[PDB]
Amino acid sequence: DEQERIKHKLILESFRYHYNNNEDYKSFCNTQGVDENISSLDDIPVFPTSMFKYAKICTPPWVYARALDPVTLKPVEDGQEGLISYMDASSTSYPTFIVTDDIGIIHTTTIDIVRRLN
Amino acid sequence: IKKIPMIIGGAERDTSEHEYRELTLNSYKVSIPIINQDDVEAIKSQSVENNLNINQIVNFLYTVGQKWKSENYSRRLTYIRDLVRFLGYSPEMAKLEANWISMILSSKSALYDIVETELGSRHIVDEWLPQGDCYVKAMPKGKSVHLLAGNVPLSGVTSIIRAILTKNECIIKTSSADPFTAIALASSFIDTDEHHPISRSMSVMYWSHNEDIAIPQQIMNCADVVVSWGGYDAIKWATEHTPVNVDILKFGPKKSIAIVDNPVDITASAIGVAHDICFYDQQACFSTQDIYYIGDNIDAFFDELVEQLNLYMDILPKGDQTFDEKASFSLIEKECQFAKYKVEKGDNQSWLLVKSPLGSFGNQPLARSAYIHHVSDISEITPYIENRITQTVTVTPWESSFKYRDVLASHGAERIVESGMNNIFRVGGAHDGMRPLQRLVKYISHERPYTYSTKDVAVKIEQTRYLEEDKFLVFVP
Amino acid sequence: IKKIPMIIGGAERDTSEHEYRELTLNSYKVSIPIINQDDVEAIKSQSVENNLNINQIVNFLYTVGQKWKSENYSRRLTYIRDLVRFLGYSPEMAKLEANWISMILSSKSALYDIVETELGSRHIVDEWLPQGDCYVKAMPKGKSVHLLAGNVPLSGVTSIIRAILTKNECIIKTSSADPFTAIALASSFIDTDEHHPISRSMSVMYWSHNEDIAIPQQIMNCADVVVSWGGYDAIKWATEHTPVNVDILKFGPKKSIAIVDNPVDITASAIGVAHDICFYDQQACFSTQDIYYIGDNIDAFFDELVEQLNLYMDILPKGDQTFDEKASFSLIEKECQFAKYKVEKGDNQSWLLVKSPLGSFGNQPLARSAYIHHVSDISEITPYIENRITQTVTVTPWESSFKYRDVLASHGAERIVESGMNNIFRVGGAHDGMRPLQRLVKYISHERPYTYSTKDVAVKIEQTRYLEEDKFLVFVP
Amino acid sequence: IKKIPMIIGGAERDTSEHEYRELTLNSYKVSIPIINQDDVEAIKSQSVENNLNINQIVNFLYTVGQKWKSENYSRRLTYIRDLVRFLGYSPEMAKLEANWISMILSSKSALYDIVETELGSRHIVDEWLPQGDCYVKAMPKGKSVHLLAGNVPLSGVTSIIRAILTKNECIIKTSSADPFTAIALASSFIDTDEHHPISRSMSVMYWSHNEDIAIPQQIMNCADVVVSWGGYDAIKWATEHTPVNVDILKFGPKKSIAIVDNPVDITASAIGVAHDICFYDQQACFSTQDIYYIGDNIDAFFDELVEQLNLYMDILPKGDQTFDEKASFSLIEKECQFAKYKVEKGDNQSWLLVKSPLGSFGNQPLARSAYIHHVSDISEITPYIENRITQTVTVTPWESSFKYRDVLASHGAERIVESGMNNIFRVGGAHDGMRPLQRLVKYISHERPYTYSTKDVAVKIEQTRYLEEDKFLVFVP
Amino acid sequence: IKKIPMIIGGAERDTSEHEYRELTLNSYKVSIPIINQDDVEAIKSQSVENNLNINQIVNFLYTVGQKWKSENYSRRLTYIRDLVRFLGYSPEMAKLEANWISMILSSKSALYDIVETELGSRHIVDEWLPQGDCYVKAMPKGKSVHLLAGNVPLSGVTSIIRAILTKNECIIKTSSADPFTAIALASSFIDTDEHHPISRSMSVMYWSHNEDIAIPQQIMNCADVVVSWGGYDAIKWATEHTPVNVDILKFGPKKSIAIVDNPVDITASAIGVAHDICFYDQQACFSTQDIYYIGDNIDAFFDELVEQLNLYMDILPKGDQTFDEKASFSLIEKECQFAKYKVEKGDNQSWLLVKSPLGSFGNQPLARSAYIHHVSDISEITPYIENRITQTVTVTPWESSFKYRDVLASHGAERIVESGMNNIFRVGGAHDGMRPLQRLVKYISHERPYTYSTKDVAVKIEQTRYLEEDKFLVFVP
């Protein structure tokens with residue numbers, strides 16, 4: 001209930017902050033068709049963690065653990081596998097809106113890791 | 001629960017009491033029998049007396065190809081079904097594979113000219129030819145061993161055909177991904193004529209690299225020549241488990257590229273580049289991975305290539321794309337979007353076009369992805385052409401290949417084609433800088449006597465007479 | 001205390017501060033410098049731009065040969081002195097080796113015809129030739145590595161010449177027995193023209209198999225092709241210490257024989273067989289070890305061969321024959337006398353003729369020993385001809401080679417010569433069933449476009465157009 | 001009242017106002033237009049720009065052959081009807097002629113290999129090839145003139161095809177006996193593609209030897225090469241009415257024979273000999289006229305040959321045999337019966353077999369007559385083989401041709417075939433001891449400069465520098 | 001009072017009782033014997049059994065050339081003296097002619113490669129080669145008749161050598177201007193080995209065109225091939241007096257030119273053009289008559305060419321220049337001065353350079369005259385290149401020949417050389433658009449049986465079986 005309201009609140013505040021103060025993230029959301037004002041958390045773009053070695057990027061009830069489909073990269077229902085995206089809002093150093101190398105299921109929130117990609 | 005047979009002499013072995021292993025090719029189980037000591041002894045004792053001429057060999061291959069040409073051929077239908085089910089091919093791609101088998105088997109002039117261009121004459125495999133100061137005959141090596149890779153069935157088919165044209169006996173170890181093509185080809189030989197020396201020269205089997213090495217080593221010891229096709233570890237295994245006095249034809253992993261110079265007709269250019277990207281799901285060694293555009297309208301070519309890739313999305317669809325491959329596609333699309341690389345993709349992640357700057361970071365899955373770069377001159381492409389890695393250097397306006405072939409060869413091209421032709425290893429050329437059946441053959445030389453002088457001395461070669469008289473340097477030209 | 005230089009680029013390296021090792025070739029010490037890391041870096045950085053045509057290459061080799069033709073050439077005199085001192089050669093054999101170097105360097109038509117017969121045209125190394133459906137050019141592999149054996153200097157000389165004719169850079173590791181021939185040849189290149197691309201392409205050095213492997217492995221990694229010449233362990237070392245994607249030309253140990261059918265002119269027959277027994281002190285791979293006499297006068301041929309061996313005792317004497325070799329000769333003569341083998345020998349144990357029955361026990365030293373057998377038909381000789389072991393199958397009345405060459409080839413002959421010609425690898429033939437500079441070359445294929453149809457279809461190759469229309473099998477011939 | 005057209009450029013001329021002449025071929029009148037001065041001017045002004053490659057030429061010929069392959073092709077039906085009506089052919093022989101036209105037009109590899117074997121490469125007609133010390137290109141002569149004979153239509157067809165493969169323009173003068181084959185072939189070219197350079201290169205016409213010579217001489221003066229096919233007077237006319245600097249390909253009258261050595265399988269032997277006797281009604285130059293039997297069962301072979309001739313009486317019947325030909329047949333049968341020659345004949349005088357002794361008087365009509373002789377050894381056949389008269393020396397057990405071909409060639413054979421193959425001029429061979437399109441071609445040589453030395457001198461060819469220094473004989477090898 | 005012998009078999013005939021005629025070559029009388037009926041009968045009865053291989057032939061020619069290489073060779077000295085006295089040559093030009101005889105006789109690789117490039121293999125004259133679907137052997141025609149021209153002795157020498165390499169017997173009719181070269185060559189053959197088949201194959205004689213035709217016609221009737229070399233009337237005589245079934249190699253009169261594109265190195269350009277103008281006193285068919293200068297410094301090239309012509313005035317002087325030739329030179333110099341043609345000449349009228357505008361009136365004596373024209377582009381030179389008249393199209397900067405050879409070939413060039421090479425018919429090329437010893441040879445074809453299928457059908461050729469079953473069009477490809 002209000003735990004979801006908690007993470008919704010500070011996760012959109014984190015998204016607004018990181019979208020305003022990081023231009024590579026702003027250009028990444030505008031390559032996705034994402035505006036300043038987005039209501040839900042699943043309209044937020046998420047980049048992979050492989051970026052963290054290619055370009056130097058720098059700007060729990062607070063992490064939105066989500067199991068995404070490999071094609072649509074949209075969340076699946078709980079119980080089925082998918083790519084783990086995190087959406088940490090504790091950081092101000094770098095936008096922690098990432099997708100892992102990990103596959104797993106999520107149960108209402110405890111997050112399981114089955115295997116890596118390759 | 002589908003069983004794959006084992007052919008040894010010219011027929012399937014009685015594998016009832018054998019041990020079986022499953023493979024899980026495309027989420028579907030397939031039982032292959034494990035080779036035992038009796039099969040190794042049967043392989044060792046195989047000695048087929050092959051007295052056919054190249055005419056007879058080519059005519060038999062033509063008959064087999066005409067058998068494969070009929071769409072009602074039961075073995076062809078089964079092969080297409082297995083390509084669709086266990087390799088994940090689309091019905092179009094499987095039909096195309098069967099059609100290419102038929103095509104390369106039924107092209108007689110192509111085989112004659114392969115023999116002629118590689119060995120010098122199509123008769124050198126049956127007659128003693130007076131090349132110069134000698135009579136040369138091309139004899140087989142015998143019991144050729146072929147270790148197949150798995151991506152392109154036509155690679156294994158052409159390997160077997162090359163070994164057949166040189167009158168070699170074939171011991172084919174199928175790949176862990178395509179255990180059907182060699183079995184289908186050998187069983188087709190059997191269906192045509194089971195008593196033919198070519199049908200009796202095929203022995204198709206399978207062994208893994210994780211199993212005990214005794215039996216595969218015993219099979220490798222009776223080779224006389226080895227043809228390895230896989231990646232790095234496959235060629236390393238072939239090198240480590242071959243008798244040191246036996247030759248190995250190595251077909252390693254390659255990385256082919258495309259060059260678009262400045263096409264006035266952009267539509268055919270895009271058609272060709274899309275063909276090269278999409279054929280065999282970009283899994284071949286001649287498949288285009290990076291495109292290097294020269295000119296002033298890279299975005300017009302981008303749009304036309306997008307259109308042609310959308311066409312290939314329908315006329316030749318993708319495979320089945322397991323979960324991890326889908327996730328790779330998505331994550332790599334994200335990676336390329338995070339770098340303003342002008343990413344475009346097709347529906348159901350059918351293809352991927354990425355316009356990154358030259359020398360940039362780009363992760364390459366071989367699904368149908370292609371990276372296109374603006375270079376502005378050929379001198380900027382040559383630093384990205386390696387010696388034994390770049391195989392095909394596709395050039396789109398073929399005329400422009402006449403002013404680039406020299407520097408591409410100097411930098412290790414090994415092939416220059418027309419962009420609609422990357423899958424066709426045209427007759428008269430070479431494979432990986434190597435004319436393969438020059439190495440599947442033993443050149444036996446019958447040198448003519450001392451009364452036949454050389455072209456430089458004009459003196460009968462009497463070495464004893466001139467060692468007595470102490471006369472050598474008066475004859476040196 | 002005699003120092004052997006190290007050539008790397010096109011000149012001797014400053015080996016003052018290097019570490020040296022002695023070898024004790026013929027009871028005489030020779031210091032060779034040990035390769036260090038700076039030499040390895042100099043070898044890696046060697047890139048000679050070779051734009052010569054085959055005409056220019058052959059003319060340079062001819063100039064070097066004319067330099068070797070003069071008996072007053074200081075380098076030739078020094079080479080002969082070193083052959084006599086450190087290899088134990090007789091002055092006649094050393095002079096003959098120098099003369100053969102001169103001969104094979106000065107025979108221009110021989111080199112042109114080598115290129116022509118092995119690659120198809122002498123111009124394929126400089127021009128794009130329309131072989132069929134393609135334009136082919138023979139490019140070098142580059143930085144060819146040659147590991148030499150030690151018995152026959154001409155083997156290493158011909159290897160280097162083959163690599164030169166294909167515009168390859170040569171890294172020659174000399175044998176532990178003949179560290180002089182490659183140095184002499186490269187220094188002769190330098191003496192002719194130090195700025196020539198051929199002189200700057202030679203790097204002669206030496207490393208043992210007992211030393212640390214770091215530096216020899218670093219040298220082997222920059223090979224692009226390897227030519228190995230030694231025995232079994234030499235080829236095993238070459239196979240184990242070569243990058244897995246690099247080709248190896250293997251020249252293994254052989255065992256050549258002679259066949260005497262029924263000579264009406266026994267004297268020339270004996271002359272030839274004696275030549276083959278005595279040349280290179282029977283240390284070559286083409287040297288005759290066993291003679292198979294057919295006919296009715298084996299003892300007449302025995303006597304005539306004894307006479308010819310006595311002649312070769314004088315016109316081309318033996319080496320120096322260390323203590324153990326003398327003891328081996330004596331003990332083996334005793335062994336053969338203990339079995340009624342009709343033993344005959346020359347003075348100072350110069351040669352040995354043994355008439356043992358077919359298939360009999362006979363110990364073979366390679367000093368000048370020969371075992372002669374009565375067979376009565378060719379069918380009794382073929383069980384003693386192996387696949388990759390029998391190299392030369394010398395037939396004495398050359399006409400009789402026309403009725404035996406087929407079964408000898410079927411059983412693995414690889415060569416049939418006239419008995420006075422076993423040392424001459426005549427032009428147009430092959431070496432160990434292999435045309436060597438087909439493997440020293442990268443065949444680069446420039447395939448012509450889709451508008452150029454094949455010889456079987458007569459339809460422009462528009463694969464996309466026919467994938468749309470679904471038309472493949474109507475074109476299959 | 002049947003009119004034959006005149007093709008000049010690539011289409012029929014408007015011969016409405018022309019003058020016509022009848023011929024009376026087979027008791028049936030045929031009007032052919034007489035060439036006038038305007039037609040001569042149109043022929044002179046004909047210059048077709050032919051930029052096709054050999055691939056395009058062969059593909060066009062293949063298309064025309066596929067058109068001829070359909071039995072519903074109107075032009076083919078008309079051609080068969082005219083062969084039956086005006087040449088007297090049987091429906092089977094006319095159908096066979098049309099089928100052979102289709103066959104030789106549709107065999108692409110045959111044409112490619114004709115070009116390759118005669119000129120050295122199929123690319124020498126489009127590219128400059130580095131033969132040796134030169135770049136050679138085979139250019140056309142242009143406006144080739146073909147004077148046809150009349151017996152075998154395939155002769156004229158092959159002549160025209162040879163001229164086409166070399167990119168020559170064809171001016172075909174049809175024979176007074178077969179004015180239909182060249183017209184049918186050219187009109188078929190037109191029906192395939194009227195704007196093709198090959199269709200626009202055909203000019204078919206007719207002139208007699210009894211008419212005024214002005215116009216035929218004007219046509220002959222624009223030849224650049226002449227191909228004459230008739231008998232003696234035809235070749236004499238060609239020689240007398242050709243510009244003295246123009247070459248003439250002479251295909252004179254021949255007399256072919258057959259040799260039967262000692263067949264264990266007499267039935268196939270008789271089948272072949274009957275084929276050679278009966279094809280083209282024994283009117284060709286490769287038709288068998290005399291048979292020379294070696295062996296011990298000449299009468300068994302006689303009976304089997306009688307049976308095979310009776311078979312050919314039905315599967316390929318004779319022509320129409322005008323009154324005088326019938327009387328000749330009867331009177332010659334009487335002549336041979338009056339000499340105990342063991343005469344046998346078929347019903348309706350279909351064939352004639354005469355067993356006369358060697359060297360005997362025998363009158364030879366070419367209806368289907370054959371004289372068979374017992375010789376007992378090849379040495380008795382060679383006195384009956386002349387230099388430029390004996391063309392085909394058919395040998396029935398083909399193995400026996402390996403022990404006779406040398407003496408037959410020494411005595412002027414020009415061909416040795418297998419007796420079922422006398423009509424098939426197999427690819428790779430020759431016609432009348434002559435490879436014809438070597439003479440339909442101008443070899444244009446682009447010699448490379450003085451810096452490219454020869455294979456013997458190894459000195460740059462500076463003739464002025466060495467005329468100054470007075471140095472010539474020091475370079476002579 | 002100097003008598004010229006007559007060689008018929010392999011030695012001089014006893015011409016004591018013969019009738020003689022004088023000729024007055026260079027104001028000096030020379031008696032040649034008239035052929036009578038006994039000589040004609042000796043020529044008819046000449047049949048030399050020639051069983052040599054090409055190796056033996058080339059080695060004999062090399063021996064003869066080594067004999068000609070010695071300046072003390074009596075026959076060579078006499079030949080040079082006769083060239084100086086009766087042909088008017090300068091001692092330098094006569095020595096150069098003898099040296100060129102020696103050179104072309106001693107170049108073995110050149111002869112081997114002539115045979116190889118023209119016939120396909122140097123072994124086709126001794127072995128049956130499997131070309132395709134056949135075994136081909138090149139047999140001689142026999143009794144080749146050579147009618148020589150007179151300007152260039154090397155022409156006749158090369159003709160005789162070509163006939164020898166094909167194992168032809170030579171009947172050489174010497175020219176009325178050079179009756180010494182053929183006699184010297186044949187007598188040299190005799191001096192080397194009088195019992196050799198090559199020495200016994202030479203018959204040198206002379207007959208005029210003004211005498212009775214009986215004996216020359218009898219000699220011409222036993223020809224089997226004729227090689228004519230003279231001008232127009234010579235070739236007309238050859239055509240009129242040859243049996244109609246005998247082939248004639250026609251080497252007619254030509255007119256060679258030179259093209260100077262834009263030389264940065266004008267000195268070598270002028271050297272070459274002067275060489276081509278001055279060699280053989282501009283009397284050869286490859287001698288440059290008109291120069292076509294492109295570029296911007298025609299006067300600089302004019303001056304440099306004047307300097308090089310002055311050099312050739314000394315290193316290779318003119319002939320003797322009879323009164324009428326002197327008057328022609330002077331009157332033509334006057335003609336060219338009367339038209340502001342920028343005339344320049346050498347001392348003692350050694351040469352003449354005339355710079356006339358393109359297409360202008362200019363009278364051409366062949367003394368050493370040359371007309372140079374400014375053209376400004378290649379398109380203005382091609383209207384002056386005829387089909388069978390322009391032989392050599394010398395291009396001075398050889399690189400520029402790569403962009404002109406195609407249009408020159410299209411317009412009838414027949415040769416493109418480097419301007420210092422017009423006299424050297426380089427190996428591998430052609431003579432007058434014709435590879436001559438393709439016409440000195442009879443290609444004898446041994447076609448292989450019906451069981452050997454073609455490359456298109458893949459069906460055994462059983463024509464009777466398929467005439468019975470009525471099956472032809474199902475096999476047509």
# chains A, B, ... in the order shown; residues from 1 in each chain; ligands from 1
$ interface_residues --of "chain D" --to "chain C" --cutoff "7 Å" --atoms "only C-alpha atoms" --output "list in words"
residues 55, 59, 108, 109, 123, 130, 452, 453, 455 and 458 of chain D
$ write_last_selection --atoms "N, CA and C atoms" --output "compact mmCIF listing (two decimals), in the first residue's frame"
# COMPACT_ATOMS: atom_id res chain seq x y z
N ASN D 55 30.22 -15.10 -71.80
CA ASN D 55 29.07 -15.50 -71.00
C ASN D 55 27.77 -15.09 -71.67
N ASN D 59 24.98 -17.54 -73.35
CA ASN D 59 23.63 -17.52 -72.80
C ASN D 59 22.60 -17.22 -73.88
N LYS D 108 26.05 -25.46 -73.11
CA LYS D 108 26.85 -24.28 -72.79
C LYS D 108 28.29 -24.65 -72.46
N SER D 109 28.48 -25.69 -71.65
CA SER D 109 29.83 -26.13 -71.32
C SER D 109 30.60 -26.53 -72.56
N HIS D 123 38.38 -16.58 -71.60
CA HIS D 123 38.44 -15.15 -71.32
C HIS D 123 39.34 -14.39 -72.28
N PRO D 130 48.04 -12.49 -69.52
CA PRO D 130 49.50 -12.56 -69.51
C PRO D 130 50.00 -13.95 -69.89
N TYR D 452 61.35 -5.58 -68.38
CA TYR D 452 60.96 -6.97 -68.15
C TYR D 452 61.86 -7.86 -69.00
N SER D 453 62.81 -8.53 -68.37
CA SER D 453 63.79 -9.32 -69.09
C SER D 453 63.19 -10.64 -69.55
N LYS D 455 63.58 -14.95 -70.15
CA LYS D 455 63.91 -16.04 -69.26
C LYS D 455 65.33 -16.57 -69.45
N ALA D 458 68.44 -12.27 -68.49
CA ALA D 458 68.48 -11.61 -67.19
C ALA D 458 69.13 -10.24 -67.27
$ residues_around --residues "region 42-57 of chain A" --least-positions-apart "4" --cutoff "9 Å" --atoms "only C-alpha atoms" --output "mmCIF file with N, CA and C atoms, in the first residue's frame"
data_model
loop_
_atom_site.group_PDB
_atom_site.id
_atom_site.type_symbol
_atom_site.label_atom_id
_atom_site.label_comp_id
_atom_site.auth_asym_id
_atom_site.auth_seq_id
_atom_site.Cartn_x
_atom_site.Cartn_y
_atom_site.Cartn_z
ATOM 1 N N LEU A 12 10.101 8.647 -8.588
ATOM 2 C CA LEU A 12 9.921 9.703 -9.581
ATOM 3 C C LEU A 12 10.695 10.956 -9.221
ATOM 4 N N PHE A 15 13.961 10.169 -10.640
ATOM 5 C CA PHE A 15 13.942 10.232 -12.095
ATOM 6 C C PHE A 15 13.963 11.672 -12.581
ATOM 7 N N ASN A 22 21.506 15.250 -15.744
ATOM 8 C CA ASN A 22 22.394 14.404 -16.534
ATOM 9 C C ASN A 22 21.935 14.426 -17.983
ATOM 10 N N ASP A 24 23.328 12.951 -20.738
ATOM 11 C CA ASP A 24 23.283 11.681 -21.452
ATOM 12 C C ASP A 24 22.041 10.892 -21.061
ATOM 13 N N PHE A 28 19.033 10.046 -23.493
ATOM 14 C CA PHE A 28 18.588 8.663 -23.543
ATOM 15 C C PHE A 28 17.077 8.554 -23.394
ATOM 16 N N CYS A 29 16.474 9.362 -22.522
ATOM 17 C CA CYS A 29 15.019 9.341 -22.414
ATOM 18 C C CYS A 29 14.347 9.983 -23.620
ATOM 19 N N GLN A 32 13.950 7.629 -26.272
ATOM 20 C CA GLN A 32 12.888 6.695 -25.949
ATOM 21 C C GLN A 32 11.510 7.330 -26.025
ATOM 22 N N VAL A 34 10.493 9.956 -23.955
ATOM 23 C CA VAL A 34 10.125 10.169 -22.563
ATOM 24 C C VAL A 34 10.315 11.643 -22.228
ATOM 25 N N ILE A 38 6.257 12.238 -16.460
ATOM 26 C CA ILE A 38 5.719 10.902 -16.679
ATOM 27 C C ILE A 38 5.159 10.394 -15.356
ATOM 28 N N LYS A 74 9.253 -4.764 -21.085
ATOM 29 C CA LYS A 74 8.169 -4.375 -20.214
ATOM 30 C C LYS A 74 7.973 -5.440 -19.141
ATOM 31 N N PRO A 75 7.472 -5.072 -17.966
ATOM 32 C CA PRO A 75 7.447 -6.024 -16.852
ATOM 33 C C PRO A 75 6.530 -7.204 -17.118
ATOM 34 N N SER A 85 15.625 -5.513 -13.509
ATOM 35 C CA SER A 85 15.895 -4.080 -13.455
ATOM 36 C C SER A 85 15.611 -3.558 -12.052
ATOM 37 N N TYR A 86 16.387 -2.569 -11.606
ATOM 38 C CA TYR A 86 16.454 -2.230 -10.189
ATOM 39 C C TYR A 86 15.840 -0.887 -9.825
ATOM 40 N N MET A 87 16.257 0.201 -10.468
ATOM 41 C CA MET A 87 15.740 1.542 -10.181
ATOM 42 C C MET A 87 16.003 1.955 -8.730
ATOM 43 N N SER A 93 25.027 10.052 -7.242
ATOM 44 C CA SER A 93 26.261 10.103 -8.012
ATOM 45 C C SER A 93 26.026 9.732 -9.470
ATOM 46 N N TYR A 94 25.325 8.632 -9.716
ATOM 47 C CA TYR A 94 25.025 8.152 -11.056
ATOM 48 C C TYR A 94 23.599 7.630 -11.079
ATOM 49 N N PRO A 95 22.917 7.721 -12.218
ATOM 50 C CA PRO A 95 21.519 7.275 -12.281
ATOM 51 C C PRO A 95 21.450 5.758 -12.226
ATOM 52 N N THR A 96 20.979 5.235 -11.098
ATOM 53 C CA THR A 96 20.929 3.790 -10.887
ATOM 54 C C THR A 96 19.587 3.241 -11.377
ATOM 55 N N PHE A 97 19.333 3.480 -12.661
ATOM 56 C CA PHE A 97 18.171 2.959 -13.378
ATOM 57 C C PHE A 97 18.727 1.969 -14.399
ATOM 58 N N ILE A 98 18.983 0.737 -13.959
ATOM 59 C CA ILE A 98 19.790 -0.188 -14.739
ATOM 60 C C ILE A 98 19.077 -1.524 -14.896
ATOM 61 N N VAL A 99 19.561 -2.303 -15.861
ATOM 62 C CA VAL A 99 19.114 -3.668 -16.112
ATOM 63 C C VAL A 99 20.338 -4.566 -16.032
ATOM 64 N N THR A 100 20.196 -5.703 -15.364
ATOM 65 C CA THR A 100 21.336 -6.535 -15.022
ATOM 66 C C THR A 100 21.690 -7.513 -16.138
ATOM 67 N N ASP A 101 22.672 -8.367 -15.848
ATOM 68 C CA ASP A 101 22.957 -9.567 -16.618
ATOM 69 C C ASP A 101 22.156 -10.752 -16.109
ATOM 70 N N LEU B 331 19.339 -5.756 -24.829
ATOM 71 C CA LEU B 331 20.352 -5.034 -24.069
ATOM 72 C C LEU B 331 21.343 -4.341 -24.992
ATOM 73 N N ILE B 332 21.645 -4.947 -26.140
ATOM 74 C CA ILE B 332 22.574 -4.323 -27.074
ATOM 75 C C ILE B 332 21.911 -3.152 -27.789
ATOM 76 N N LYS B 334 19.754 -1.273 -26.316
ATOM 77 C CA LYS B 334 19.845 -0.239 -25.288
ATOM 78 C C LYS B 334 21.238 0.376 -25.254
ATOM 79 N N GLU B 335 22.271 -0.471 -25.305
ATOM 80 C CA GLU B 335 23.646 0.017 -25.336
ATOM 81 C C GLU B 335 23.866 0.982 -26.484
ATOM 82 N N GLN B 337 21.547 2.710 -28.188
ATOM 83 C CA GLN B 337 20.749 3.918 -28.022
ATOM 84 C C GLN B 337 21.367 4.858 -26.997
ATOM 85 N N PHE B 338 22.057 4.312 -25.996
ATOM 86 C CA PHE B 338 22.697 5.138 -24.982
ATOM 87 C C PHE B 338 23.904 5.905 -25.510
ATOM 88 N N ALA B 339 24.274 5.726 -26.782
ATOM 89 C CA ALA B 339 25.444 6.387 -27.349
ATOM 90 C C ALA B 339 25.105 7.167 -28.616
ATOM 91 N N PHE B 361 32.925 1.890 -29.856
ATOM 92 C CA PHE B 361 32.403 0.768 -29.088
ATOM 93 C C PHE B 361 31.061 0.317 -29.653
#
$ residues_around --residues "residue 245 (chain B)" --least-positions-apart "6" --cutoff "8 Å" --atoms "only C-alpha atoms" --output "VMD selection string"
chain C and resid 235 250 252 388
$ select_by_dssp --residues "region 199-300 of chain E" --states "strand (DSSP E)" --output "PyMOL selection string"
chain E and resi 202-205+226-228+248-250+256-260+288-293
$ atom_distance --atom1 "CA of residue 407 (chain D)" --atom2 "CA of residue 399 (chain C)"
20.5 Å
$ atom_distance --atom1 "CA of residue 357 (chain E)" --atom2 "CA of residue 302 (chain E)"
14.0 Å
